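Here's a solo chain for you in structure tokens, the form deposited in one PDB entry.
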């Protein structure tokens, strides 16, 4: 048990498509800020917590599956839900949290600290801290601006350094002091533009599916990534105005290196895509989705690649990522976007470990 010799904390990422428990060991520097954060336990379950029947047996059984076989129980627990919960009104969210609190009260060891729906802006903050912790970029003052994107099921986040800015909402900015350095960041989350939610607007778009993919309306896929992308852009910009909100700011605060986490790490890492050095460009991403999924015959492709439950979405997802990043945020199609490998289990929960101590 590492927790006999180190501080330990459990943090649950209750995301829109599933929940992930992490138990971290850590030490602390002279200011009691965590260092040496190591993941000592990970368990993931599907589907998302906000998706399940809000009754007591359903909620208790889910929590049981997530938590009951954890090797270490007598530690602080944070259960933080993101955009899956944000789709529900507060009265309906309360049902899940009242049951969750009771479940925890009936367990011996666990110290529930907080169980709540975090704002998209806090999610963004935790996204940035988690990625910069992993990159080892927090302990000294950086020459260069690191931006972070998190592609979730129901929201997406974008977060990048920006000096305190009176022209921008207080709610879209965060100042923090960590490892003795002061950092101001712009933060934004877009609810409804996550992959699952976005996809439900385009399931009958033949451009967004491989040739002869059976669309729900009985028609056939006729894939064309540029056309699928255009359709997605209409939701990004004509509907949500992502371009108007993000591009003028990004122009004035250029990012030197972009890191992405969430569904895009899984796509980019799949067997259908070819990228080197865990990094991609949007131009390459759209060209590979177009050639390798959109223009392929669905029954043939599905037989060639049997193991990937997401295969059928890859024409649409490659088009959406481009739509979001290039037409929405205004990122150059030829700009390198780093993604973190899925095996690293990096989500924004490390940000919680660090942020509570500041």
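Just so we're on the same page, rigid core means the largest C-alpha set that superposes within 1.5 Å between forms. Positions refer to the first chain, counted from 1.
If you look for the form deposited in another entry, you will not find it shown, but the lines that follow are about it.
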Core aligned, which of 241, 200, 139, 94 has the Cα that shifts 2 angstroms or more between the shown form and the other one? 94
Kindly check if the Cα atom of residue 314 is displaced 2 angstroms or more between the shown form and the other one relative to the superposed rigid core. no
With the core lined up, does the C-alpha of residue 107 move 2 Å or more between the shown form and the other one? yes
Classify residue 291 as shifted (yes) or not shifted (no) between the shown form and the other one, where shifted means its C-alpha moves by 2 Å or more with the rigid core superposed. no
